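Trainee: Just run_25.tsv, nothing more (TSV, C-alpha atoms and all ligand atoms):
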chain	number	residue	atom	x	y	z
M	843	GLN	CA	26.94	-3.46	3.05
M	844	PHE	CA	25.51	-1.41	5.93
M	845	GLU	CA	27.21	-2.09	9.26
M	846	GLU	CA	25.01	-1.98	12.35
M	847	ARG	CA	27.70	-0.12	14.31
M	848	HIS	CA	27.13	2.89	12.01
M	849	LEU	CA	23.30	2.96	11.96
M	850	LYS	CA	22.43	5.84	14.30
M	851	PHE	CA	18.82	5.65	15.46
M	852	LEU	CA	16.90	8.93	15.12
M	853	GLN	CA	13.19	8.10	15.54
M	854	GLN	CA	10.59	5.43	14.80
M	855	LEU	CA	8.50	6.11	11.70
M	856	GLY	CA	5.87	3.36	11.87
M	857	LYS	CA	5.14	0.02	13.51
M	858	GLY	CA	2.75	-2.39	11.83
M	859	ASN	CA	2.96	-6.17	11.52
M	860	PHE	CA	5.14	-7.83	12.00
M	861	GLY	CA	7.92	-5.25	11.82
M	862	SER	CA	8.61	-1.55	12.22
M	863	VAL	CA	10.43	1.16	10.27
M	864	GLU	CA	12.98	3.44	11.95
M	865	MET	CA	14.43	6.73	10.76
M	866	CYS	CA	18.21	6.34	11.02
M	867	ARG	CA	21.36	8.13	9.88
M	868	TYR	CA	24.02	5.87	8.38
M	869	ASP	CA	27.12	7.86	9.38
M	870	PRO	CA	30.12	5.52	9.08
M	871	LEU	CA	32.62	8.40	9.05
M	872	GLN	CA	31.11	9.59	12.38
M	873	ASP	CA	30.99	13.22	11.23
M	874	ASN	CA	27.31	13.89	10.38
M	875	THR	CA	27.99	13.53	6.66
M	876	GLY	CA	26.01	10.33	6.10
M	877	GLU	CA	22.50	10.12	4.71
M	878	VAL	CA	19.22	9.63	6.54
M	879	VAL	CA	17.81	6.23	5.56
M	880	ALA	CA	14.73	4.19	6.47
M	881	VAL	CA	15.51	0.97	8.35
M	882	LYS	CA	12.87	-1.78	8.49
M	883	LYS	CA	13.33	-4.64	10.95
M	884	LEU	CA	11.27	-7.36	12.61
M	885	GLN	CA	9.81	-7.14	16.11
M	886	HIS	CA	10.16	-10.90	16.71
M	887	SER	CA	12.93	-12.59	14.69
M	888	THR	CA	11.11	-15.87	14.20
M	889	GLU	CA	12.17	-18.26	11.46
M	890	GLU	CA	8.81	-17.95	9.68
M	891	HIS	CA	8.93	-14.14	9.64
M	892	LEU	CA	12.65	-14.14	8.80
M	893	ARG	CA	12.01	-16.25	5.69
M	894	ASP	CA	9.16	-13.96	4.61
M	895	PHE	CA	11.31	-10.89	5.33
M	896	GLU	CA	14.17	-12.24	3.20
M	897	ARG	CA	11.81	-12.85	0.28
M	898	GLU	CA	10.43	-9.33	0.77
M	899	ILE	CA	13.97	-7.94	0.47
M	900	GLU	CA	14.53	-9.84	-2.78
M	901	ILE	CA	11.21	-8.56	-4.15
M	902	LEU	CA	12.07	-4.93	-3.40
M	903	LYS	CA	15.63	-5.35	-4.68
M	904	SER	CA	14.14	-6.68	-7.93
M	905	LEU	CA	12.04	-3.50	-8.31
M	906	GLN	CA	13.31	-0.34	-10.04
M	907	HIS	CA	10.57	2.21	-10.74
M	908	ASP	CA	10.00	5.91	-10.08
M	909	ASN	CA	6.89	5.00	-8.04
M	910	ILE	CA	8.54	2.26	-5.94
M	911	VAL	CA	10.53	3.06	-2.80
M	912	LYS	CA	14.21	2.64	-3.60
M	913	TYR	CA	16.11	-0.28	-2.08
M	914	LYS	CA	19.53	0.66	-0.71
M	915	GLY	CA	20.86	-2.44	1.04
M	916	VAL	CA	20.67	-4.71	4.07
M	917	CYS	CA	22.24	-4.87	7.52
M	918	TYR	CA	22.76	-7.72	9.96
M	919	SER	CA	24.66	-8.48	13.16
M	920	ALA	CA	26.74	-11.60	13.89
M	921	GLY	CA	24.78	-14.22	11.95
M	922	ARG	CA	21.55	-14.08	9.99
M	923	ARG	CA	19.52	-12.68	12.91
M	924	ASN	CA	18.79	-8.99	13.53
M	925	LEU	CA	18.40	-8.64	9.76
M	926	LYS	CA	17.37	-5.15	8.64
M	927	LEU	CA	16.22	-3.66	5.33
M	928	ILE	CA	17.77	-0.34	4.31
M	929	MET	CA	15.62	1.87	2.07
M	930	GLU	CA	15.54	5.50	1.02
M	931	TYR	CA	13.90	7.95	3.43
M	932	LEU	CA	10.96	9.88	1.98
M	933	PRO	CA	10.45	13.10	3.95
M	934	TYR	CA	6.69	13.66	3.68
M	935	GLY	CA	5.61	10.33	5.16
M	936	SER	CA	2.70	8.25	3.93
M	937	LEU	CA	0.08	9.62	1.55
M	938	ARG	CA	-2.52	9.02	4.28
M	939	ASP	CA	-0.91	11.58	6.59
M	940	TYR	CA	0.30	13.91	3.83
M	941	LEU	CA	-3.13	14.24	2.20
M	942	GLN	CA	-4.77	14.80	5.59
M	943	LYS	CA	-2.34	17.64	6.37
M	944	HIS	CA	-2.42	19.62	3.10
M	945	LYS	CA	-6.05	18.76	2.27
M	946	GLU	CA	-6.79	22.45	1.62
M	947	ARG	CA	-4.09	22.77	-1.07
M	948	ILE	CA	-4.45	19.40	-2.85
M	949	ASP	CA	-7.08	19.78	-5.59
M	950	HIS	CA	-8.59	17.00	-7.71
M	951	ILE	CA	-5.99	17.24	-10.50
M	952	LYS	CA	-3.29	16.60	-7.89
M	953	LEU	CA	-5.23	13.55	-6.69
M	954	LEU	CA	-5.28	12.21	-10.25
M	955	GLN	CA	-1.53	12.79	-10.57
M	956	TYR	CA	-0.97	10.54	-7.56
M	957	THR	CA	-3.57	8.12	-8.91
M	958	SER	CA	-1.69	7.67	-12.20
M	959	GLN	CA	1.60	7.23	-10.33
M	960	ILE	CA	0.00	4.47	-8.25
M	961	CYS	CA	-1.41	2.73	-11.34
M	962	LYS	CA	1.94	2.87	-13.13
M	963	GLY	CA	3.60	1.46	-10.02
M	964	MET	CA	1.08	-1.36	-9.69
M	965	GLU	CA	1.29	-2.21	-13.40
M	966	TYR	CA	5.06	-2.54	-12.95
M	967	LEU	CA	4.38	-5.04	-10.16
M	968	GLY	CA	2.04	-6.97	-12.44
M	969	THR	CA	4.77	-7.40	-15.04
M	970	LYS	CA	6.93	-9.01	-12.34
M	971	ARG	CA	3.93	-11.21	-11.42
M	972	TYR	CA	3.92	-9.59	-7.96
M	973	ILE	CA	0.69	-9.25	-5.96
M	974	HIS	CA	0.94	-6.36	-3.50
M	975	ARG	CA	-2.19	-7.33	-1.51
M	976	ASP	CA	-1.72	-4.51	1.00
M	977	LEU	CA	-2.35	-1.42	-1.14
M	978	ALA	CA	-3.51	1.57	0.92
M	979	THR	CA	-2.69	5.24	1.45
M	980	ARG	CA	-0.81	4.26	4.61
M	981	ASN	CA	1.53	2.25	2.34
M	982	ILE	CA	1.93	4.93	-0.35
M	983	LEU	CA	4.77	7.27	0.61
M	984	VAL	CA	5.40	10.84	-0.53
M	985	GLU	CA	8.85	11.84	-1.77
M	986	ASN	CA	7.71	15.36	-2.70
M	987	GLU	CA	4.60	17.24	-3.81
M	988	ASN	CA	4.86	15.74	-7.32
M	989	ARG	CA	5.92	12.11	-6.72
M	990	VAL	CA	4.56	9.28	-4.58
M	991	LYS	CA	5.91	5.76	-4.17
M	992	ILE	CA	4.61	2.39	-3.03
M	993	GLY	CA	6.46	2.15	0.25
M	994	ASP	CA	5.97	-1.36	1.62
M	995	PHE	CA	6.02	-4.91	0.28
M	996	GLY	CA	5.68	-6.98	3.46
M	997	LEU	CA	2.63	-8.80	2.08
M	998	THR	CA	3.70	-8.94	-1.57
M	999	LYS	CA	3.78	-12.48	-2.97
M	1000	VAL	CA	5.05	-13.83	-6.29
M	1001	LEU	CA	2.43	-15.61	-8.37
M	1002	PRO	CA	2.96	-19.31	-9.14
M	1003	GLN	CA	4.19	-19.68	-12.70
M	1004	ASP	CA	1.09	-21.71	-13.68
M	1005	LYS	CA	-1.70	-19.83	-11.85
M	1006	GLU	CA	-2.96	-16.25	-11.99
M	1007	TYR	CA	-3.95	-16.16	-8.32
M	1008	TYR	CA	-2.25	-16.82	-5.00
M	1009	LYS	CA	-4.04	-18.46	-2.07
M	1010	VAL	CA	-2.76	-17.43	1.37
M	1011	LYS	CA	-4.36	-17.23	4.82
M	1012	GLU	CA	-2.09	-15.33	7.20
M	1013	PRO	CA	-2.82	-15.45	10.94
M	1014	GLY	CA	-3.37	-12.01	12.43
M	1015	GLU	CA	-5.20	-8.82	11.57
M	1016	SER	CA	-6.10	-8.52	7.89
M	1017	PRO	CA	-7.20	-5.22	6.27
M	1018	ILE	CA	-10.54	-6.73	5.25
M	1019	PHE	CA	-11.94	-3.33	4.23
M	1020	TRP	CA	-9.46	-3.14	1.34
M	1021	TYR	CA	-9.75	-6.81	0.28
M	1022	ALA	CA	-11.65	-8.07	-2.74
M	1023	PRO	CA	-14.59	-10.38	-1.94
M	1024	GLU	CA	-12.81	-13.45	-3.34
M	1025	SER	CA	-9.92	-12.63	-0.99
M	1026	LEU	CA	-12.32	-12.69	1.98
M	1027	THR	CA	-14.10	-15.92	1.02
M	1028	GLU	CA	-11.40	-17.95	-0.75
M	1029	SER	CA	-8.19	-16.24	0.44
M	1030	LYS	CA	-7.51	-15.68	-3.27
M	1031	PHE	CA	-5.17	-12.81	-4.20
M	1032	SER	CA	-4.48	-11.69	-7.77
M	1033	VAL	CA	-3.82	-8.61	-9.90
M	1034	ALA	CA	-7.60	-8.26	-10.10
M	1035	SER	CA	-7.87	-8.15	-6.31
M	1036	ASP	CA	-5.20	-5.44	-6.28
M	1037	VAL	CA	-7.53	-3.55	-8.64
M	1038	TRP	CA	-10.32	-3.83	-6.06
M	1039	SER	CA	-7.98	-2.54	-3.36
M	1040	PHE	CA	-6.82	0.27	-5.65
M	1041	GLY	CA	-10.44	1.37	-5.99
M	1042	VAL	CA	-10.47	1.71	-2.21
M	1043	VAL	CA	-7.25	3.74	-2.44
M	1044	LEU	CA	-9.00	5.94	-5.00
M	1045	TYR	CA	-11.83	6.28	-2.48
M	1046	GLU	CA	-9.38	7.32	0.25
M	1047	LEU	CA	-7.86	10.11	-1.85
M	1048	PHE	CA	-11.21	11.77	-2.58
M	1049	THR	CA	-12.30	11.55	1.06
M	1050	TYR	CA	-9.05	13.38	1.97
M	1051	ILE	CA	-8.69	10.90	4.85
M	1052	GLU	CA	-11.71	12.20	6.74
M	1053	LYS	CA	-11.84	9.80	9.68
M	1054	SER	CA	-15.64	9.50	9.58
M	1055	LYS	CA	-15.42	8.70	5.84
M	1056	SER	CA	-12.78	5.97	6.12
M	1057	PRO	CA	-13.45	2.61	4.42
M	1058	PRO	CA	-13.64	0.83	7.80
M	1059	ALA	CA	-16.00	3.48	9.19
M	1060	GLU	CA	-18.31	3.58	6.16
M	1061	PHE	CA	-18.39	-0.22	5.90
M	1062	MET	CA	-19.04	-0.65	9.64
M	1063	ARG	CA	-21.85	1.91	9.56
M	1064	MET	CA	-23.39	-0.08	6.69
M	1065	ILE	CA	-23.22	-3.48	8.41
M	1066	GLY	CA	-23.86	-1.98	11.86
M	1067	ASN	CA	-21.30	-1.23	14.56
M	1068	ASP	CA	-23.03	-3.85	16.74
M	1069	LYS	CA	-21.31	-6.64	14.77
M	1070	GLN	CA	-18.82	-8.75	16.71
M	1071	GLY	CA	-15.53	-10.35	15.67
M	1072	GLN	CA	-16.08	-12.99	13.00
M	1073	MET	CA	-19.58	-11.63	12.32
M	1074	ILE	CA	-17.89	-8.48	11.00
M	1075	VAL	CA	-16.25	-10.21	8.04
M	1076	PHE	CA	-19.36	-12.32	7.43
M	1077	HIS	CA	-21.67	-9.31	7.14
M	1078	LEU	CA	-19.07	-7.58	4.98
M	1079	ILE	CA	-19.14	-10.61	2.67
M	1080	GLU	CA	-22.94	-10.54	2.51
M	1081	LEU	CA	-22.91	-6.77	1.96
M	1082	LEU	CA	-20.42	-6.91	-0.91
M	1083	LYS	CA	-22.35	-9.81	-2.45
M	1084	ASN	CA	-25.41	-7.52	-2.63
M	1085	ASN	CA	-23.48	-4.71	-4.40
M	1086	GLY	CA	-23.05	-2.81	-1.14
M	1087	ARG	CA	-20.31	-0.31	-1.91
M	1088	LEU	CA	-18.61	2.69	-0.37
M	1089	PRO	CA	-20.45	5.95	-1.12
M	1090	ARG	CA	-19.25	8.57	-3.57
M	1091	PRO	CA	-16.88	10.87	-1.63
M	1092	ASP	CA	-17.93	14.48	-1.18
M	1093	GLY	CA	-16.98	16.51	-4.24
M	1094	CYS	CA	-15.99	13.44	-6.25
M	1095	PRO	CA	-17.01	13.67	-9.93
M	1096	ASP	CA	-19.30	10.96	-11.26
M	1097	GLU	CA	-16.69	9.59	-13.67
M	1098	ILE	CA	-14.14	9.20	-10.87
M	1099	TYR	CA	-16.61	7.23	-8.74
M	1100	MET	CA	-17.36	4.96	-11.70
M	1101	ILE	CA	-13.68	3.97	-11.76
M	1102	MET	CA	-14.07	3.00	-8.09
M	1103	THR	CA	-17.25	1.00	-8.71
M	1104	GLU	CA	-15.84	-0.70	-11.82
M	1105	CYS	CA	-12.80	-1.69	-9.78
M	1106	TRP	CA	-15.38	-2.85	-7.20
M	1107	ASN	CA	-16.80	-5.48	-9.56
M	1108	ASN	CA	-17.76	-8.76	-7.92
M	1109	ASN	CA	-16.83	-10.46	-11.20
M	1110	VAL	CA	-13.06	-10.88	-10.83
M	1111	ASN	CA	-12.53	-10.96	-14.60
M	1112	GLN	CA	-14.59	-7.84	-15.37
M	1113	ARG	CA	-12.34	-5.54	-13.35
M	1114	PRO	CA	-10.23	-3.17	-15.46
M	1115	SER	CA	-6.47	-3.44	-15.84
M	1116	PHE	CA	-4.02	-0.97	-14.36
M	1117	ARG	CA	-3.03	0.15	-17.87
M	1118	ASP	CA	-6.67	0.97	-18.61
M	1119	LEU	CA	-7.01	2.63	-15.20
M	1120	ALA	CA	-3.98	4.81	-15.94
M	1121	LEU	CA	-5.46	5.69	-19.34
M	1122	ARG	CA	-8.83	6.75	-17.94
M	1123	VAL	CA	-7.22	8.75	-15.13
M	1124	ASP	CA	-4.79	10.46	-17.51
M	1125	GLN	CA	-7.73	11.14	-19.84
M	1126	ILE	CA	-9.74	12.81	-17.07
M	1127	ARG	CA	-6.66	14.68	-15.81
M	1128	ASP	CA	-6.01	16.09	-19.28
M	1129	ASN	CA	-9.64	17.16	-19.67
M	1130	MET	CA	-9.40	18.96	-16.32
M	1131	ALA	CA	-6.23	20.83	-17.33
D	1201	LIG	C1	10.32	2.80	3.80
D	1201	LIG	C2	10.02	4.23	4.25
D	1201	LIG	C3	10.71	5.30	3.71
D	1201	LIG	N1	10.41	6.51	4.13
D	1201	LIG	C4	9.48	6.74	5.04
D	1201	LIG	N2	9.25	8.13	5.41
D	1201	LIG	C5	8.46	8.66	6.51
D	1201	LIG	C6	7.52	7.93	7.22
D	1201	LIG	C7	6.80	8.51	8.26
D	1201	LIG	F1	5.88	7.76	8.94
D	1201	LIG	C8	7.02	9.85	8.60
D	1201	LIG	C9	6.26	10.57	9.73
D	1201	LIG	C10	6.55	9.94	10.97
D	1201	LIG	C11	5.70	10.42	12.12
D	1201	LIG	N3	4.26	10.25	11.85
D	1201	LIG	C12	3.65	11.21	12.27
D	1201	LIG	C13	3.92	10.01	10.43
D	1201	LIG	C14	4.87	10.70	9.47
D	1201	LIG	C15	7.95	10.58	7.89
D	1201	LIG	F2	8.18	11.89	8.21
D	1201	LIG	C16	8.67	9.99	6.86
D	1201	LIG	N4	8.81	5.73	5.56
D	1201	LIG	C17	9.04	4.47	5.20
D	1201	LIG	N5	8.31	3.35	5.78
D	1201	LIG	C18	7.17	3.53	6.67
D	1201	LIG	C19	7.28	4.36	7.77
D	1201	LIG	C20	6.21	4.54	8.62
D	1201	LIG	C21	5.02	3.88	8.37
D	1201	LIG	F3	3.95	4.04	9.20
D	1201	LIG	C22	4.91	3.05	7.27
D	1201	LIG	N6	3.65	2.36	7.04
D	1201	LIG	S1	3.58	0.72	6.56
D	1201	LIG	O1	4.21	0.55	5.24
D	1201	LIG	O2	2.20	0.35	6.25
D	1201	LIG	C23	4.29	-0.44	7.78
D	1201	LIG	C24	5.06	0.26	8.89
D	1201	LIG	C25	5.24	-1.40	7.06
D	1201	LIG	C26	3.15	-1.25	8.39
D	1201	LIG	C27	5.99	2.87	6.42
Re-express the file's structure as structure tokens.
Mentor:
Amino acid sequence: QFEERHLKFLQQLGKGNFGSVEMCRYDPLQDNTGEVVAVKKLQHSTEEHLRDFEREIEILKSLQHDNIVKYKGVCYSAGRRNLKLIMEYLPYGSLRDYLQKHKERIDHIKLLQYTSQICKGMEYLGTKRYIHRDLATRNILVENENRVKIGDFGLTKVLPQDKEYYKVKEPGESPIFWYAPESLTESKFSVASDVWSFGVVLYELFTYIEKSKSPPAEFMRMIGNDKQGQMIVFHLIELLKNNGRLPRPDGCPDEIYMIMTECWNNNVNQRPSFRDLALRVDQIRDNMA
């Protein structure tokens, strides 16, 4: 589909784990008429990561939604190595950086517009029995001032056809400050744990990515910055077990923070669905307008 001899590297957009995303121009005619695309590749083409990356490509290719980053194709060299994922390029970057830049022009109604778009994108994943796991403002991309998209699926897993959860323990850094408690203790990931993580995403939006108010900062100040390594996740477990939650962001209405706290239910079954979340957000957004 996309030949590597026509992918012109422009700049690197982001580097997480275990791959990176590059801004490239696919210009096969060699006349600056091609489009700028986003190319995701691996940093170490191991067989374990290559198998996960191929399943990630199939997941994204199976997704067609206004709030999901569009899949365009793949690219590979001689063989199955150097495999790359070709996606659409969204100009305004991640919602984490975009909100932090225009924080003086993005009111609460605009935050609820992005919130509904995230819920409708997550609910579409739930119909496919996909568990995103890694939902955060760093993963939500901005196409323009009126549309955001879920921009990465490197941790997304398909649920077993007979279970509603998915147990997985991946070696490496885990965003434990977005994870549901059952994901920290039992490595259990479900649609309900995505609801917990969405509540953290809702917390991020209303903090406007103030670095002192970040979920890791607030959680670490609650358990004490003196905690060390494994004792960090253990005190976070004990804190969440005792209804220790992130504070209400500055200027956040009471009803918006309730959505966060209700998503932050220790009882996995008592967390609301994304369709109910979209309803309550659209209901508040209409009452504001
Ligand atoms: C699939 C995709 C499509 N379009 C874009 N557009 C975009 C991304 C930018 F960053 C930026 C800038 C770059 C410079 N600085 C200052 C920030 C803003 C920009 F102008 C446009 N980006 C994508 N991917 C992507 C990229 C970079 C990440 F950091 C992440 N984050 S990530 O998913 O968690 C992962 C890397 C997988 C761990 C995803």
Trainee: Could you give me, as JSON lines, a per-residue list for chain M showing, wherever an atom lies at most 7 Å from an atom of ligand LIG 1201 (chain D), the closest pair of atoms and their distance in Å to one decimal, using only C-alpha atoms and all ligand atoms and sorting by chain then residue number from low to high?
Mentor:
{"residue": "M:855", "atom": "CA", "partner": "D:LIG1201", "partner_atom": "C20", "distance": 4.1}
{"residue": "M:856", "atom": "CA", "partner": "D:LIG1201", "partner_atom": "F3", "distance": 3.4}
{"residue": "M:857", "atom": "CA", "partner": "D:LIG1201", "partner_atom": "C24", "distance": 4.6}
{"residue": "M:858", "atom": "CA", "partner": "D:LIG1201", "partner_atom": "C26", "distance": 3.6}
{"residue": "M:859", "atom": "CA", "partner": "D:LIG1201", "partner_atom": "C26", "distance": 5.8}
{"residue": "M:861", "atom": "CA", "partner": "D:LIG1201", "partner_atom": "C25", "distance": 6.7}
{"residue": "M:862", "atom": "CA", "partner": "D:LIG1201", "partner_atom": "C24", "distance": 5.2}
{"residue": "M:863", "atom": "CA", "partner": "D:LIG1201", "partner_atom": "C19", "distance": 5.1}
{"residue": "M:880", "atom": "CA", "partner": "D:LIG1201", "partner_atom": "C3", "distance": 5.0}
{"residue": "M:911", "atom": "CA", "partner": "D:LIG1201", "partner_atom": "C1", "distance": 6.6}
{"residue": "M:929", "atom": "CA", "partner": "D:LIG1201", "partner_atom": "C1", "distance": 5.7}
{"residue": "M:930", "atom": "CA", "partner": "D:LIG1201", "partner_atom": "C3", "distance": 5.5}
{"residue": "M:931", "atom": "CA", "partner": "D:LIG1201", "partner_atom": "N1", "distance": 3.8}
{"residue": "M:932", "atom": "CA", "partner": "D:LIG1201", "partner_atom": "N1", "distance": 4.0}
{"residue": "M:933", "atom": "CA", "partner": "D:LIG1201", "partner_atom": "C16", "distance": 4.6}
{"residue": "M:934", "atom": "CA", "partner": "D:LIG1201", "partner_atom": "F2", "distance": 5.1}
{"residue": "M:935", "atom": "CA", "partner": "D:LIG1201", "partner_atom": "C16", "distance": 3.5}
{"residue": "M:936", "atom": "CA", "partner": "D:LIG1201", "partner_atom": "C6", "distance": 5.8}
{"residue": "M:939", "atom": "CA", "partner": "D:LIG1201", "partner_atom": "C13", "distance": 6.4}
{"residue": "M:980", "atom": "CA", "partner": "D:LIG1201", "partner_atom": "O2", "distance": 5.2}
{"residue": "M:981", "atom": "CA", "partner": "D:LIG1201", "partner_atom": "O1", "distance": 4.3}
{"residue": "M:983", "atom": "CA", "partner": "D:LIG1201", "partner_atom": "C4", "distance": 6.5}
{"residue": "M:993", "atom": "CA", "partner": "D:LIG1201", "partner_atom": "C1", "distance": 5.3}
{"residue": "M:994", "atom": "CA", "partner": "D:LIG1201", "partner_atom": "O1", "distance": 4.5}
{"residue": "M:996", "atom": "CA", "partner": "D:LIG1201", "partner_atom": "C25", "distance": 6.7}
Trainee: Once you have the residues from the selection above, write them out as a CSV table (one decimal), in the coordinates of the input, restricted to C-alpha atoms.
Mentor:
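Output saved as again.csv:
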chain,number,residue,atom,x,y,z
M,855,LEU,CA,8.5,6.1,11.7
M,856,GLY,CA,5.9,3.4,11.9
M,857,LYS,CA,5.1,0.0,13.5
M,858,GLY,CA,2.8,-2.4,11.8
M,859,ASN,CA,3.0,-6.2,11.5
M,861,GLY,CA,7.9,-5.2,11.8
M,862,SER,CA,8.6,-1.6,12.2
M,863,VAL,CA,10.4,1.2,10.3
M,880,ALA,CA,14.7,4.2,6.5
M,911,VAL,CA,10.5,3.1,-2.8
M,929,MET,CA,15.6,1.9,2.1
M,930,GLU,CA,15.5,5.5,1.0
M,931,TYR,CA,13.9,8.0,3.4
M,932,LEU,CA,11.0,9.9,2.0
M,933,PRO,CA,10.4,13.1,4.0
M,934,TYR,CA,6.7,13.7,3.7
M,935,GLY,CA,5.6,10.3,5.2
M,936,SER,CA,2.7,8.2,3.9
M,939,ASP,CA,-0.9,11.6,6.6
M,980,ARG,CA,-0.8,4.3,4.6
M,981,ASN,CA,1.5,2.2,2.3
M,983,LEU,CA,4.8,7.3,0.6
M,993,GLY,CA,6.5,2.2,0.2
M,994,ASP,CA,6.0,-1.4,1.6
M,996,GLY,CA,5.7,-7.0,3.5
Trainee: With only C-alpha atoms as the atoms that count, which of M:1034, M:941, M:1078, M:982 lies nearest to residue M:1051?
Mentor: M:941
Trainee: Interatomic distance between atom CA of residue M:1046 and atom CA of residue M:937?
Mentor: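 Taking atom CA of residue M:1046 as the start and atom CA of residue M:937 as the end point, the length is 9.8 Å.
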Trainee: For a test of reading the model, state the distance in Å between atom CA of residue M:1035 and atom CA of residue M:1022, rounded to one decimal.
Mentor: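 Those two atoms sit 5.2 Å apart.
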Trainee: Can you tell me, as a PyMOL selection string, which residues sit within 9 Å of (-6.4, 13.2, -10.0) in the file's frame, using all atoms listed in the file?
Mentor: chain M and resi 949-958+1047-1048+1098+1123-1124+1126-1127
Trainee: What does the distance between atom CA of residue M:901 and atom CA of residue M:964 come to in Å, to one decimal place?
Mentor: 13.6 Å
Trainee: Please tell me which residues are no farther than 7 Å from (-19.5, 1.1, -3.4) in the file, counting only C-alpha atoms, and write them as a ChimeraX atom specification.
Mentor: /M:1086-1089,1103,1106
Trainee: Please provide the set of residues having any atom within 10 Å of residue M:1105, restricted to all atoms listed in the file, with same-chain residues fewer than 6 positions apart removed, written as a list in words.
Mentor: residues 1022, 1034, 1035, 1036, 1037, 1038, 1039, 1040, 1041, 1042, 1044, 1099, 1112, 1113, 1114, 1115, 1116 and 1119 of chain M
Trainee: I need the residue nearest residue M:1013 from this list: M:912, M:890, M:978, M:1121. Use all atoms listed in the file for the distance.
Mentor: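 That would be M:890, the residue with the smallest distance to residue M:1013.
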Trainee: Please define a box with edges along x, y and z of the file around all atoms of stretch 1111-1130 of chain M given in the file, extend it by 3 Å on each side, and return its centre and edge lengths in Å to one decimal, as lines of an AutoDock Vina configuration file.
Mentor:
center_x = -8.8
center_y = 4.0
center_z = -16.6
size_x = 17.6
size_y = 35.9
size_z = 12.5
Trainee: Residues at most 8 Å from residue M:976, counting only C-alpha atoms, excluding those fewer than 4 positions away in the same chain, as a PDB file with C-alpha atoms, in the frame of the given file?
Mentor:
ATOM      1  CA  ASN M 981       1.530   2.250   2.340  1.00  0.00           C
ATOM      2  CA  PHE M 995       6.020  -4.910   0.280  1.00  0.00           C
ATOM      3  CA  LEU M 997       2.630  -8.800   2.080  1.00  0.00           C
ATOM      4  CA  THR M 998       3.700  -8.940  -1.570  1.00  0.00           C
ATOM      5  CA  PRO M1017      -7.200  -5.220   6.270  1.00  0.00           C
ATOM      6  CA  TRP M1020      -9.460  -3.140   1.340  1.00  0.00           C
ATOM      7  CA  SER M1039      -7.980  -2.540  -3.360  1.00  0.00           C
TER       8      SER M1039
END
Trainee: Which of these, M:1130, M:1003, M:979, M:968, has the shortest distance to residue M:940 once you count all atoms listed in the file?
Mentor: M:979
Trainee: For residue M:944, which residue out of M:871, M:970, M:902, M:987 is the nearest one, using all atoms listed in the file?
Mentor: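 Closest residue, counting all atoms listed in the file: M:987.
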Trainee: Compare M:1002, M:1095, M:1023, M:1014 by their minimum atom-to-atom distance to residue M:1045, counting only C-alpha atoms, and give me the closest one.
Mentor: M:1095
Trainee: When you count only C-alpha atoms, which of these residues is closest to residue M:893: M:925, M:1070, M:1056, M:910?
Mentor: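 So, comparing all the options, the nearest one is M:925.
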